[PDB]
Amino acid sequence: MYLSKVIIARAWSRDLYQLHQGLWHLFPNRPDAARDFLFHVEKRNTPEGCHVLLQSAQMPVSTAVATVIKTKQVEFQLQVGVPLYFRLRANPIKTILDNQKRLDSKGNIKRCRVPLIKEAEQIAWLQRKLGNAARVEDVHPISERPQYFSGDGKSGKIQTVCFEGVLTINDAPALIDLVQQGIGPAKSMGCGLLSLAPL
RNA sequence: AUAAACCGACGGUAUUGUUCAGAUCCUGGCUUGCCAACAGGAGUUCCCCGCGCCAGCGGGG
C-alpha cells in the first residue's frame, strides 16, 4: 500500500471523470482491472492543477499531466479502544426505484440513487457503514457542492458529504479493510478514502 | 470574304559617390459610494453488473 500527494494540470482537470482518467495513468497495467486506488481532492483550483491525496496498492510514476510530490510506503497498525481523528468524503445515498416510470436496458423499471439530505440520516449512514469496526464519538458533516460530470455519453450528479471527527476503534482488521477497500459509492469520483490520525 | 486580304517596331543600356537633427522643460491643486436583505422548499443521481423487492443493499465507471 502506497500513500502519495499528486497534482493534476488544469487542462486535465475539468470533470471528476478527467481526474479519474488522469490519475489512472500512474499505474500502467491492462486490464488490471483496477482501481486499486482511492483519492481525495483537497485543493481544486490551478496552478499547478488540483491537489489530491492518493491511496493505492502500487507506487505512482509521474506523468506530464500528473505530478507526484511525495510517496509513502505505509503499514496501518491500529490498536483497540484508542480515540482517533478521521476524514471521509462520501456519497450517502438511497437506492430506490424511479417515481418516473423510466425504462432501463432490460425493460424493467429503472433505479435511482438519491442523496440523504438530513444530517441524522447521513451520520446514521456513516456509523452504519463503519459498523463493528469503529464507533463514532463525534462527527461534523460538512455539506459540499454537488459535483457533475461527463462521459462516456452521460451527464450525471454526485452529491458528496465530508465527514470530519473523532472515532474509537473496536475491531482493527475490519477497519483496515474499510480503509483499503473504501467506504460507500463513487469511489472513482474521489470518495471512500478514510483518512485517520492520532489526537 | 469590306482601301479588304497576306501582315512583330524591332534589337543594345548600374543612376551612381559624400552626410548627428541637434540643445532647454513638475501636469500641478480639491473629492464617503452611503441607505434595505433567512437560501429554504426539497431524499431524482445519468450507465452497467450481482442479490433483494409494499422494502432496498451493494460492486464498477
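- This deposited entry lists X-ray crystallography as its structure determination method and 3.200 Å as its resolution.

## A short note on the domain arrangement of chain A
- Each assigned domain of chain A is listed here: domain 1 (1–76) and domain 2 (77–199).
- The centre of domain 1, based on its C-alpha atoms, is set 20 Å off from the matching centre of domain 2.
- At the junction of the two partners, domain 1 supplies 12 residues and domain 2 supplies 23 residues.
- Contact between domain 1 and domain 2 buries roughly 1800 Å² in total, counting both sides, with carbon and sulfur atoms accounting for 62%.
- In this assembly, domain 1 and domain 2 are joined by 0 salt bridges.
- For the interface between domain 1 and domain 2, the tally reads 4 residue pairs in polar contact.
- Looking at the side of domain 1 that touches domain 2, the elements with two or more residues in it are α1 (16–24), β2 (37–43) and β3 (49–56).
- Partitioning the side of domain 1 that touches domain 2 into residue classes produces 7 nonpolar, 3 polar and 2 charged.

Cut-offs used in this document
- Residues numbered from 1 in each chain as written, not as in the entry; some residues may be left out.
- Chains lettered and ligands numbered in written order.
- Part of a larger assembly, values for the part shown.
- Heavy atoms only, no water.
- Residues with missing side-chain atoms left out of burial classes, pairs and counts.
- Domains from an automatic or database assignment.
- Contact = heavy atoms within 4.5 Å.
- Buried area = accessible area lost by both parts, 1.4 Å probe.
- Salt bridge = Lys/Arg side-chain N within 4 Å of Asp/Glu carboxyl O.
- Polar contact = N/O pair within 3.5 Å; in protein donor to acceptor, adjacent residues only side chain to side chain.
- Helix = DSSP H or I, 4+ residues; strand = E, 2+ residues; numbered from the N terminus.
- Nonpolar A, V, L, I, M, F, W, Y, C, P; charged D, E, K, R; others polar.

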